[PDB]
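The structure appears right after this line, and notes come after that.
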Amino acid sequence: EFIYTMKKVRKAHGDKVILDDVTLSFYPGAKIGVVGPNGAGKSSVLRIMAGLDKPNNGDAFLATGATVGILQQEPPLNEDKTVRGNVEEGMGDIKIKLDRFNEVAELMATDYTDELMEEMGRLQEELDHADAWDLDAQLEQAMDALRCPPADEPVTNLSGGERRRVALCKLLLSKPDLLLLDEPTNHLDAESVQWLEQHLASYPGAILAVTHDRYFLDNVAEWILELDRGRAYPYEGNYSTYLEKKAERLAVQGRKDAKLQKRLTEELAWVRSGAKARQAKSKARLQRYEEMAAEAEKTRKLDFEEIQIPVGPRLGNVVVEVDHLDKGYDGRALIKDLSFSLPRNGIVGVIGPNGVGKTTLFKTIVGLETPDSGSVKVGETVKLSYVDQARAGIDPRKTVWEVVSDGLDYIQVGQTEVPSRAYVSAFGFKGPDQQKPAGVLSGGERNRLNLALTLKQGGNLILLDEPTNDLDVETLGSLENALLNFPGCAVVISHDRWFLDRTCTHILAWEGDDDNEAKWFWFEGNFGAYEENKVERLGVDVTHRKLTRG
Amino acid sequence: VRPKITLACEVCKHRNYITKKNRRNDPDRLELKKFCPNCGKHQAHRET
RNA sequence: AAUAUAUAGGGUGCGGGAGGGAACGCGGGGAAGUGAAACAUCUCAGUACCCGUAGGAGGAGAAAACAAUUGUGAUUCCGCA
RNA sequence: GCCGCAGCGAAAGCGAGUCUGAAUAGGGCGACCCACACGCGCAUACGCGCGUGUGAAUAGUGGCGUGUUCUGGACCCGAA
RNA sequence: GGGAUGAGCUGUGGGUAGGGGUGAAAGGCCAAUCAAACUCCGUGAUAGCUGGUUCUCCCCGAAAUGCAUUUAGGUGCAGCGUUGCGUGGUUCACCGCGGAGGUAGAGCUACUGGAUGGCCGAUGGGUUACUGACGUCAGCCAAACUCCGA
RNA sequence: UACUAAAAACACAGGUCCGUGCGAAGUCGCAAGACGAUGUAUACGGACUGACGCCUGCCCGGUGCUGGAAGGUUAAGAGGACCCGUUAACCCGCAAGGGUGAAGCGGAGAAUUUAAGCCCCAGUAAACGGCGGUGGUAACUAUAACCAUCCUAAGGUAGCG
RNA sequence: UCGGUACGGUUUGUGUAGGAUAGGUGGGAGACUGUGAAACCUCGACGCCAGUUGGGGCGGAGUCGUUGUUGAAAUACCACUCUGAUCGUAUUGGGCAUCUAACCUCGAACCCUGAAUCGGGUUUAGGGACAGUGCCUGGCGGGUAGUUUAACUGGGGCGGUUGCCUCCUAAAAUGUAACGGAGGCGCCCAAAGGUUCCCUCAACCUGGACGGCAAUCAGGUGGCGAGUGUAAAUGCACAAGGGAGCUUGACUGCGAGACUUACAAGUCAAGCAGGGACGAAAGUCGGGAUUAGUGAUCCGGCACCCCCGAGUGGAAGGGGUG
RNA sequence: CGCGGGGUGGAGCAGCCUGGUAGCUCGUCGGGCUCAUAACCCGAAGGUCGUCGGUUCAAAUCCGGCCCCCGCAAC
RNA sequence: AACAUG
Ligand SMILES: Nc1ncnc2c1ncn2[C@@H]1O[C@H](COP(=O)(O)OP(=O)(O)NP(=O)(O)O)[C@@H](O)[C@H]1O
Ligand SMILES: Nc1ncnc2c1ncn2[C@@H]1O[C@H](COP(=O)(O)OP(=O)(O)NP(=O)(O)O)[C@@H](O)[C@H]1O
Ligand SMILES: [Mg+2]
Ligand SMILES: [Mg+2]
Ligand SMILES: [Mg+2]
Ligand SMILES: [Mg+2]
Ligand SMILES: [Mg+2]
Ligand SMILES: [Mg+2]
Ligand SMILES: [Mg+2]
Ligand SMILES: [Mg+2]
Ligand SMILES: [Mg+2]
Ligand SMILES: [Mg+2]
Ligand SMILES: [Mg+2]
Ligand SMILES: [Mg+2]
Ligand SMILES: [Mg+2]
Ligand SMILES: [Mg+2]
Ligand SMILES: [Mg+2]
Ligand SMILES: [Mg+2]
Ligand SMILES: [Mg+2]
Ligand SMILES: [Mg+2]
Ligand SMILES: [Mg+2]
Ligand SMILES: [Mg+2]
Ligand SMILES: [Mg+2]
Ligand SMILES: [Mg+2]
Ligand SMILES: [Mg+2]
Ligand SMILES: [Mg+2]
Ligand SMILES: [Mg+2]
Ligand SMILES: [Mg+2]
Ligand SMILES: [Mg+2]
Ligand SMILES: [Mg+2]
Ligand SMILES: [Mg+2]
Ligand SMILES: [Mg+2]
Ligand SMILES: [Mg+2]
Ligand SMILES: [Mg+2]
Ligand SMILES: [Mg+2]
Ligand SMILES: [Mg+2]
Ligand SMILES: [Mg+2]
Ligand SMILES: [Mg+2]
Ligand SMILES: [Mg+2]
Ligand SMILES: [Mg+2]
Ligand SMILES: [Mg+2]
Ligand SMILES: [Mg+2]
Ligand SMILES: [Mg+2]
Ligand SMILES: [Mg+2]
Ligand SMILES: [Mg+2]
Ligand SMILES: [Mg+2]
Ligand SMILES: [Mg+2]
Ligand SMILES: [Mg+2]
Ligand SMILES: [Mg+2]
Ligand SMILES: [Mg+2]
Ligand SMILES: [Mg+2]
Ligand SMILES: [Mg+2]
Ligand SMILES: [Mg+2]
Ligand SMILES: [Mg+2]
Ligand SMILES: [Mg+2]
Ligand SMILES: [Mg+2]
Ligand SMILES: [Mg+2]
Ligand SMILES: [Mg+2]
Ligand SMILES: [Mg+2]
Ligand SMILES: [Mg+2]
Ligand SMILES: [Mg+2]
Ligand SMILES: [Mg+2]
Ligand SMILES: [Zn+2]
């Protein structure tokens, strides 16, 4: 009747609570959307529902025979293959018991003959449970819909941000009855989300997403679950209905607490100054100050320090010269015949779907690559700063402070001697929260940590690669209003189309079709011009794939 | 900041010892070799 | 009778009720001071006082009862427990 | 019928013992007589282990008196 | 002395009853009694408070302290009296002997704090009138100073 | 203020505010009833003020009263996931035992639905109530008509001392 | 008029290859002339491949069909039903509206009624399943009622103090009062605990790049003047103080004999065994150099022991140990 | 006597409680505009955060004890 | 539409 249900659930440290009194319940087919700020507990609720952790109070009770999947905020894999990335979970109770049916039928005669009736027929019983057991012709069904990489290559550095396309195929093949997909639209395309839109719509089974897109929240979701910092409140309706009734709620809450804060100060002097006023009653009126001042500090949350990018040396007049570069691999044809300068004091945007080669183009510039037939002039005044797409500089065992400081005391950032602990809290880690391991940090504080160890050089040429992931609108605005005030050459790879309309001066973009798949067009102007230049120069200016039989 | 934790054995899960640790110094659960009387020999003990 | 079936009401005739009493009984209402070394739960107490109402006595009563692998066989009252 | 007639234990219980304990380890509460002779693997000597009596002294319950006490007005007088 | 044809005075008969009446309002008045009348009953209310307690002799004889108290004028337990049964010099004094001390005293080139005259001389003051240390020979002081010590 | 207080105390005429559309409001009563009144907003009860003349300034934050479509929190009633006691049967073994358990009957019951009030938003001071500081500046001094500034719901106007 | 349940007919679904798998499972040569070429056409579903034989208003003749064979399967056709949609009956609940008949009337009229502003009855005029009342339930409530409101105090009131730890007062055992004189506490430590092995400090004189009155170096004199997680006192150089290795005794079952003490409590302990840590061993360890860092009883909560189980089996509850 | 606030650039003041950065309004010094001073506009200078130090990598802030300033205090 | 005075 209920797929999932919760008692008075309180997952917490006793010093710092992260969930508190989370009492709610879900139906079958309950398409849910989860919204909230960073630091609320949105991923520590989807972690209880998949059994990957246990609460410190209250029972979390899945239904009887409904299985649950999960896609965490960083997706793990195995280091074996790509078609291995459709057998580990997903088709895992059929594939592991598929070769054994072909192994039990090797025609032994001295070993056993009539014991093939209670084990080989028992394996014949479990193949009817899945209603299909050829498993081969219906596994290119699962990779010609995600547009997966070719299935015969391992997930080494060979895979970029289509690592997520594989982890959206281990999960969406198990078909769980409770589907906990936590931010599926990281690193995807202008059409990879557009595939996932039509797939999560007609989907028998419950869905909990912690997404930020607007097609899921306005048309697929039916319940919206706000996560306040520790609290949890359900609501009913799509996201257009949610924000209207959210607006009138924070209206009458905005002057609920104004006259509350006015009351505490009006009887602050009543309890501090002039304690001559009443004898032997004062221990009954003083407690009503404390009982409203201890609940005035459970919503006093307005301490949000700004993201600030430090400034180092004077940037000259030449930054990146690309001398007719070609780049590729054996048989592969990425970047071909590209020449562009890089404008001093200008945000540069990169446009392209997954699999064109955006993040290798920065690896040339720092030095992690070498061009095949071409050259890149660095210019003796720039200073690189490379934040990577895969966030590979995070060592998930040692604490936060040891990742960015390397155990030192002062680190060299802005041609000064900054005390390296003060450089940590500049990106939002106040004091005793240096001492917690980085592998368990939030999606905001793993993106407010990758900016720490990569902007540690004060460089006047910073190469932002997916900066708009897993961070809310209070920091996203505090980023884009902090890399406008930066004196030179921020270069950004992004997929948020409503981010490059804010902060762009130049666009490098892919425009390849069936004559050559490795063109790169350069543009002088913002994103609100390239979307109009494209329709007046080219002609390119759907038909959904099912992922299963039905 | 010094809560009182109880220590339970690994095999029989009985609760034999209560003690105090500091919670901002030691976030994870302690492990000690203490004497379980129901087993008759020293065993390992986590928290609850 | 209003108003038609008819009731309300009215005339006549036989019976009966009412008030009193010292305690005792049965049903119903029901305090406080006091004790708690203050006090509210609690006590004092279902007492004091009140209300209906009997009879020489009243109430109870002929198992929709008790007991425990045996068994007593309606109720009241005094002794133990 | 009450109190004596056997105690230990939270209790099942076991019983001159019982509870705690893994323990014929230690405790807690409770039982258990010499001044002999004889007897005694007898010991320098000294009575421990065990004997018939030489017949070590335990003992409670019920009346009526007195002192104090418990419940009732409770030694007597006294409020607003 | 004030009102004295008005919101006047008065006679006769009537009405309102106790946490209620009535009040041109003072907590005033309701049978000489009113911040809640009187009479009877619960009732021999209760009072850590006050006053009283009646014939005789013989023996022995206190305490006014400790600790706890919604307690300081009360009370529980101990201390100290008496008496019954047990124990028998165990108590007490003086003498000899074995022990712990840091009081009075005194001492401070033995310490921690003070503290007074010379020799001595850094920092401050006006190139040196003054500040004169830490040190150093004599004289001092101490409930929270003691190498000592009745 | 019968019995120490006759006044500056109360009352009064007039003034304003709030209640009340009629077996009204208020009041005595557990109720039926009664007064209000054999009255009907120019009437009737409540509040403060107290002839008459001139006047009755500023503040709606606090706390009352009045009116509010919402929004948050909220009682019973409804709702009865999940869990627990029992055992017809079915398991394994020592048939002194251990494990799963439909139906019926029971205990405990979370989600969800649900009102005034409270919060909140407006009006009201002839509602209860409140109505400030520091520093500088003018042809000797003295003093500030003017300025800077903080705090407030708003900073004491007319008249008097 | 808006929603839940129950039943029933219709309708719904498009990777690529094939005349869009007409969705799953189980069957099966059937449909009879309904050509599709009227319309909300193309079944009016999706309007993505632009089409899935049924509100069919030229018809009664010809029908996507069986035959064709690309693909896990194309193939007509009904029946059972999945995530949806859409109409129809039955039942129930919520909202507003209407009706009269339960209830309401101090609207009128006529009777009992001779004398009646009571009461009841009849007829009529209106209100109407609201009101009122009953049982449960929240709100409001000095409008009334029962009561509490500590003690010490050089008389009470305003201030201050109340337990625990150390010193002085305290009169050389112990103890000793005041609103006497000074100060601390309601912790902290997973090592700053246990053990085993080593080490001697602060100040100063002489000398030494930066380097100073004092940072580190080297040599002399230095018996305790430093240090002790915390306040003081008694200790501590033999170290209880500085450093390192391995570890959990920051134990379970007990404890003869004592100090203190009105009682309740508080404190110490050799040693016996189970099992460990350290150490070659002797042995040492039942937390911290010691003395503060806490709170009686009752009522409850949790984990274990399966002790009693209101006829019996269990269970509820009670009980023991933490 | 005792209680309880407060000290942030010449004057008035935010920043704290919820540790890393010192800021705003007038004024003061220099430029500009005007015939010239006001007004206005652009740029500056100015603080050991009252002082003596405790923890911390780091104290305007957390922490006490001292020094001034203010408020309130007797029957 | 701003413009105060020797
Ligand atoms: N290590 C590698 N060696 C060879 N080829 C590679 C490697 N990594 C990626 N590729 C190829 O390059 C393509 C794109 O490279 P990639 O590093 O993913 O940059 P990218 O396009 O920015 N990834 P993304 O940010 O998700 O779009 C992939 O589709 C592969 O074909
Ligand atoms: N194991 C943990 N221990 C302590 N804090 C944690 C732990 N896991 C997460 N947190 C923090 O608790 C909050 C829970 O957030 P989390 O569920 O981890 O992601 P989220 O921030 O709530 N959603 P998102 O911002 O998209 O990552 C964040 O502030 C985390 O940094
Ligand atoms: Mg997340
Ligand atoms: Mg990439
Ligand atoms: Mg550690
Ligand atoms: Mg009679
Ligand atoms: Mg009473
Ligand atoms: Mg009383
Ligand atoms: Mg009493
Ligand atoms: Mg008394
Ligand atoms: Mg009879
Ligand atoms: Mg024994
Ligand atoms: Mg007698
Ligand atoms: Mg006269
Ligand atoms: Mg006269
Ligand atoms: Mg006269
Ligand atoms: Mg009275
Ligand atoms: Mg009595
Ligand atoms: Mg008396
Ligand atoms: Mg004598
Ligand atoms: Mg006594
Ligand atoms: Mg005696
Ligand atoms: Mg002697
Ligand atoms: Mg002697
Ligand atoms: Mg001394
Ligand atoms: Mg002396
Ligand atoms: Mg001296
Ligand atoms: Mg001198
Ligand atoms: Mg002395
Ligand atoms: Mg008089
Ligand atoms: Mg008179
Ligand atoms: Mg007089
Ligand atoms: Mg009037
Ligand atoms: Mg009325
Ligand atoms: Mg009016
Ligand atoms: Mg008024
Ligand atoms: Mg007046
Ligand atoms: Mg007047
Ligand atoms: Mg208001
Ligand atoms: Mg209101
Ligand atoms: Mg004036
Ligand atoms: Mg009602
Ligand atoms: Mg009262
Ligand atoms: Mg009130
Ligand atoms: Mg007193
Ligand atoms: Mg006094
Ligand atoms: Mg002494
Ligand atoms: Mg002495
Ligand atoms: Mg150690
Ligand atoms: Mg040591
Ligand atoms: Mg302990
Ligand atoms: Mg003992
Ligand atoms: Mg020992
Ligand atoms: Mg041992
Ligand atoms: Mg060994
Ligand atoms: Mg200590
Ligand atoms: Mg009690
Ligand atoms: Mg039973
Ligand atoms: Mg139980
Ligand atoms: Mg025990
Ligand atoms: Mg100027
Ligand atoms: Mg002029
Ligand atoms: Zn164990």
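Each chain in the structure tokens gets a letter, A, B and so on, in the order shown; residues start at 1 in every chain, and ligands are counted from 1 in the order they appear.
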
Inset, instruction - Would you list the contacts of residue 164 in chain G as number ranges by chain, taking every protein, DNA or RNA residue within 9 Å and counting only C-alpha atoms (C1' of nucleotides), but skipping same-chain residues closer than 4 positions in sequence? - result: G: 185, 292-294

Compile the residues of chain B that lie within 12 Å of chain A, evaluated using only C-alpha atoms, and express the compilation as a PDB file with N, CA, C and O atoms, in the first residue's frame.
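Output file selection.pdb follows:
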ATOM      1  N   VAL B   1      29.019  17.548  25.269  1.00  0.00           N
ATOM      2  CA  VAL B   1      30.138  17.324  24.366  1.00  0.00           C
ATOM      3  C   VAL B   1      30.885  16.066  24.820  1.00  0.00           C
ATOM      4  O   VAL B   1      31.679  15.490  24.077  1.00  0.00           O
ATOM      5  N   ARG B   2      30.592  15.609  26.043  1.00  0.00           N
ATOM      6  CA  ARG B   2      31.016  14.301  26.535  1.00  0.00           C
ATOM      7  C   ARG B   2      29.767  13.469  26.798  1.00  0.00           C
ATOM      8  O   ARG B   2      29.303  13.386  27.944  1.00  0.00           O
ATOM      9  N   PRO B   3      29.193  12.848  25.777  1.00  0.00           N
ATOM     10  CA  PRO B   3      28.055  11.968  26.010  1.00  0.00           C
ATOM     11  C   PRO B   3      28.514  10.659  26.616  1.00  0.00           C
ATOM     12  O   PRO B   3      29.691  10.302  26.577  1.00  0.00           O
ATOM     13  N   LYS B   4      27.562   9.937  27.187  1.00  0.00           N
ATOM     14  CA  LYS B   4      27.829   8.632  27.769  1.00  0.00           C
ATOM     15  C   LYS B   4      27.445   7.563  26.761  1.00  0.00           C
ATOM     16  O   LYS B   4      26.269   7.425  26.415  1.00  0.00           O
ATOM     17  N   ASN B  22      34.980  11.956  23.954  1.00  0.00           N
ATOM     18  CA  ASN B  22      34.756  13.290  23.424  1.00  0.00           C
ATOM     19  C   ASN B  22      34.376  13.191  21.960  1.00  0.00           C
ATOM     20  O   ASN B  22      34.997  12.459  21.188  1.00  0.00           O
ATOM     21  N   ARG B  23      33.361  13.950  21.586  1.00  0.00           N
ATOM     22  CA  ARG B  23      32.662  13.707  20.342  1.00  0.00           C
ATOM     23  C   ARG B  23      33.189  14.550  19.198  1.00  0.00           C
ATOM     24  O   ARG B  23      33.058  14.145  18.039  1.00  0.00           O
ATOM     25  N   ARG B  24      33.810  15.687  19.484  1.00  0.00           N
ATOM     26  CA  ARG B  24      34.502  16.428  18.443  1.00  0.00           C
ATOM     27  C   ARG B  24      35.928  15.955  18.235  1.00  0.00           C
ATOM     28  O   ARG B  24      36.558  16.359  17.256  1.00  0.00           O
ATOM     29  N   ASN B  25      36.451  15.117  19.124  1.00  0.00           N
ATOM     30  CA  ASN B  25      37.750  14.510  18.886  1.00  0.00           C
ATOM     31  C   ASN B  25      37.625  13.168  18.187  1.00  0.00           C
ATOM     32  O   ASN B  25      38.433  12.850  17.312  1.00  0.00           O
ATOM     33  N   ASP B  26      36.621  12.377  18.552  1.00  0.00           N
ATOM     34  CA  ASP B  26      36.440  11.030  18.019  1.00  0.00           C
ATOM     35  C   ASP B  26      35.041  10.919  17.438  1.00  0.00           C
ATOM     36  O   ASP B  26      34.083  10.617  18.158  1.00  0.00           O
ATOM     37  N   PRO B  27      34.884  11.144  16.137  1.00  0.00           N
ATOM     38  CA  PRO B  27      33.545  11.021  15.551  1.00  0.00           C
ATOM     39  C   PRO B  27      33.091   9.584  15.392  1.00  0.00           C
ATOM     40  O   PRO B  27      31.897   9.306  15.548  1.00  0.00           O
ATOM     41  N   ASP B  28      33.998   8.660  15.105  1.00  0.00           N
ATOM     42  CA  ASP B  28      33.625   7.278  14.865  1.00  0.00           C
ATOM     43  C   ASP B  28      33.503   6.505  16.174  1.00  0.00           C
ATOM     44  O   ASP B  28      33.940   6.950  17.237  1.00  0.00           O
ATOM     45  N   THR B  48      27.116   1.834  20.184  1.00  0.00           N
ATOM     46  CA  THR B  48      25.778   1.561  19.686  1.00  0.00           C
ATOM     47  C   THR B  48      25.269   2.708  18.819  1.00  0.00           C
ATOM     48  O   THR B  48      25.031   2.537  17.624  1.00  0.00           O
TER      49      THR B  48
END

Inset, instruction - Find the residues near residue 5 in chain I: any atom within 12 Å, counting only C-alpha atoms (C1' of nucleotides), skip ones fewer than 4 places away on the same chain, and give them as a PyMOL selection string. - result: chain H and resi 36-38

Legend entry - Contact set, chain F to chain A: 7 Å, only C-alpha atoms (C1' of nucleotides), as a ChimeraX atom specification: /F:71,81,111,120

Produce a file of the selected residues containing C-alpha atoms (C1' of nucleotides), as a PDB file, in the first residue's frame.
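out-v9.pdb, written as the output of this step:
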ATOM      1  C1'   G F  71      -1.334  31.362   5.169  1.00  0.00           C
ATOM      2  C1'   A F  81      -0.014   1.094   6.147  1.00  0.00           C
ATOM      3  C1'   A F 111       0.230   8.753   7.011  1.00  0.00           C
ATOM      4  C1'   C F 120      -1.063  37.517  11.350  1.00  0.00           C
TER       5        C F 120
END

Inset, instruction - Within 8 Å of residue 43 in chain B, counting only C-alpha atoms (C1' of nucleotides), which residues show up once you throw out same-chain ones fewer than 4 positions away? Write them as JSON, numbers by chain, please. - result: {"B": [9, 10, 33, 34, 35, 36]}

Inset, instruction - Could you pull out the residues in range 5-94 of chain A that DSSP calls strand (DSSP E) from the backbone, as a list in words? - result: residues 5, 6, 25, 26, 31, 32, 33, 34, 35, 60, 61, 62, 68, 69, 70 and 71 of chain A

Legend entry - Nearest residue to chain G from the set B:18, B:12, B:44, B:32 (distances using only C-alpha atoms (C1' of nucleotides)): B:32

Inset, instruction - Go through H:57, H:67, H:49, H:14 one by one, measure the shortest atom-to-atom distance of each to chain A using only C-alpha atoms (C1' of nucleotides), and give the residue with the smallest value. - result: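 Of all the options, H:57 lies closest to chain A.
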
Inset, instruction - Pull out every residue of chain B that has at least one atom within 12 Å of chain D, counting only C-alpha atoms (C1' of nucleotides), and report them as a PyMOL selection string. - result: chain B and resi 37-41

Can you write just those residues out, N, CA and C atoms, as an mmCIF file, in the first residue's frame?
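Below you can see part.cif, which holds the result:
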data_model
loop_
_atom_site.group_PDB
_atom_site.id
_atom_site.type_symbol
_atom_site.label_atom_id
_atom_site.label_comp_id
_atom_site.auth_asym_id
_atom_site.auth_seq_id
_atom_site.Cartn_x
_atom_site.Cartn_y
_atom_site.Cartn_z
ATOM 1 N N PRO B 37 31.691 -11.185 30.112
ATOM 2 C CA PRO B 37 31.508 -12.263 31.089
ATOM 3 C C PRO B 37 30.723 -13.444 30.554
ATOM 4 N N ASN B 38 29.798 -13.233 29.618
ATOM 5 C CA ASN B 38 29.030 -14.343 29.065
ATOM 6 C C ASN B 38 29.874 -15.246 28.175
ATOM 7 N N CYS B 39 30.962 -14.728 27.612
ATOM 8 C CA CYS B 39 31.829 -15.516 26.751
ATOM 9 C C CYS B 39 32.998 -16.128 27.496
ATOM 10 N N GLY B 40 33.472 -15.477 28.549
ATOM 11 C CA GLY B 40 34.578 -15.991 29.317
ATOM 12 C C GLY B 40 35.948 -15.569 28.840
ATOM 13 N N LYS B 41 36.036 -14.784 27.773
ATOM 14 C CA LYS B 41 37.316 -14.340 27.254
ATOM 15 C C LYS B 41 37.139 -12.950 26.669
#

For the interface of chain G with chain A (cut-off 12 Å, counting only C-alpha atoms (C1' of nucleotides)), please tabulate each contacting residue of chain G alongside its nearest pair of atoms and their separation in Å to one decimal, rows sorted by chain and increasing number, as CSV.
residue,atom,partner,partner_atom,distance
G:13,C1',A:550,CA,8.9
G:14,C1',A:543,CA,8.6
G:15,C1',A:545,CA,4.5
G:16,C1',A:545,CA,9.5
G:21,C1',A:549,CA,9.3
G:23,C1',A:550,CA,7.7
G:24,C1',A:550,CA,9.3
G:25,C1',A:131,CA,10.7
G:48,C1',A:543,CA,5.8
G:49,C1',A:543,CA,9.4
G:71,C1',A:137,CA,11.5
G:72,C1',A:132,CA,7.5
G:73,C1',A:549,CA,11.2
G:82,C1',A:204,CA,10.1
G:83,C1',A:204,CA,6.2
G:84,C1',A:202,CA,9.7
G:149,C1',A:280,CA,8.3
G:150,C1',A:280,CA,11.0
G:158,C1',A:276,CA,9.3
G:159,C1',A:276,CA,10.6

Legend entry - Counting only C-alpha atoms (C1' of nucleotides), the option among H:25, H:56, H:61, H:48 closest to chain A: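 Using only C-alpha atoms (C1' of nucleotides), the shortest distance to chain A belongs to H:56.
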
Inset, instruction - Would you list the contacts of residue 38 in chain G as a PyMOL selection string, taking every protein, DNA or RNA residue within 10 Å and counting only C-alpha atoms (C1' of nucleotides), but skipping same-chain residues closer than 2 positions in sequence? - result: chain G and resi 41+56-58

For the selection just defined, write its residues with C-alpha atoms (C1' of nucleotides) to a file, as a PDB file, in the first residue's frame.
ATOM      1  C1'   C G  41     -12.373  13.128 -42.713  1.00  0.00           C
ATOM      2  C1'   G G  56     -20.332   4.955 -41.045  1.00  0.00           C
ATOM      3  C1'   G G  57     -26.047   9.571 -43.576  1.00  0.00           C
ATOM      4  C1'   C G  58     -22.847   5.720 -52.110  1.00  0.00           C
TER       5        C G  58
END

Inset, instruction - Could you please extract the residues within 8 Å of ligand 8, counting only C-alpha atoms (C1' of nucleotides) and all ligand atoms, and hand them back as number ranges by chain? - result: C: 33; G: 146-147

Legend entry - Interface, chain H side, toward chain A (12 Å; only C-alpha atoms (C1' of nucleotides)) as a list in words: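 For chain H, the answer reads residues 3, 4, 5, 17, 18, 19, 20, 21, 56, 57, 58, 71, 72 and 73 of chain H.
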
Inset, instruction - Would you mind listing the residues within 12 Å of ligand 38, counting only C-alpha atoms (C1' of nucleotides) and all ligand atoms, as a list in words? - result: residues 8, 49, 50 and 51 of chain F

May I have the residues from that selection written out with C-alpha atoms (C1' of nucleotides), as a PDB file, in the first residue's frame?
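So again39.pdb came out as:
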ATOM      1  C1'   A F   8     -12.002  69.529  48.268  1.00  0.00           C
ATOM      2  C1'   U F  49     -16.257  63.469  32.650  1.00  0.00           C
ATOM      3  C1'   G F  50     -19.150  67.151  35.454  1.00  0.00           C
ATOM      4  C1'   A F  51     -23.023  74.284  34.975  1.00  0.00           C
TER       5        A F  51
END

Inset, instruction - Could you please determine the separation between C1' of residue 21 in chain E and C1' of residue 143 in chain G in Å, to one decimal place? - result: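 Going from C1' of residue 21 in chain E over to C1' of residue 143 in chain G, I get 19.2 Å.
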
Legend entry - All residues having an atom within 10 Å of ligand 11 (only C-alpha atoms (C1' of nucleotides) and all ligand atoms) as a PyMOL selection string: chain C and resi 55+57-61

Please produce a file of the residues just selected, as a PDB file, in the first residue's frame, where the atoms kept are C-alpha atoms (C1' of nucleotides).
ATOM      1  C1'   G C  55     -42.081  -2.227  57.938  1.00  0.00           C
ATOM      2  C1'   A C  57     -38.404  -5.511  61.037  1.00  0.00           C
ATOM      3  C1'   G C  58     -36.229  -4.015  56.189  1.00  0.00           C
ATOM      4  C1'   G C  59     -32.851  -5.105  52.399  1.00  0.00           C
ATOM      5  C1'   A C  60     -30.754  -9.823  50.241  1.00  0.00           C
ATOM      6  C1'   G C  61     -32.273 -14.768  47.780  1.00  0.00           C
TER       7        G C  61
END

As a PDB file with C-alpha atoms (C1' of nucleotides), in the first residue's frame, please: every protein or nucleic acid residue near ligand 56 (cut-off 8 Å, counting only C-alpha atoms (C1' of nucleotides) and all ligand atoms).
ATOM      1  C1'   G G 229      45.519  19.450  32.172  1.00  0.00           C
ATOM      2  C1'   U G 230      42.935  22.550  36.390  1.00  0.00           C
ATOM      3  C1'   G G 288      44.418  10.319  36.106  1.00  0.00           C
TER       4        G G 288
END

Inset, instruction - Kindly compile the residues surrounding ligand 3 within 10 Å, counting only C-alpha atoms (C1' of nucleotides) and all ligand atoms, and format them as a ChimeraX atom specification. - result: /A:37-46,72-74,182-183,210-211,441-446,469-471

Could you list, with a cut-off of 10 Å and counting only C-alpha atoms (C1' of nucleotides) and all ligand atoms, the residues of chain C near ligand 10, each shown with its nearest atom pair and the distance in Å rounded to one decimal, rows sorted by chain and ascending number, as CSV?
residue,atom,partner,partner_atom_place_in_ligand_line,distance
C:34,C1',ligand 10,1 (Mg),9.7
C:35,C1',ligand 10,1 (Mg),9.1
C:36,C1',ligand 10,1 (Mg),9.7
C:37,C1',ligand 10,1 (Mg),5.3
C:38,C1',ligand 10,1 (Mg),8.9
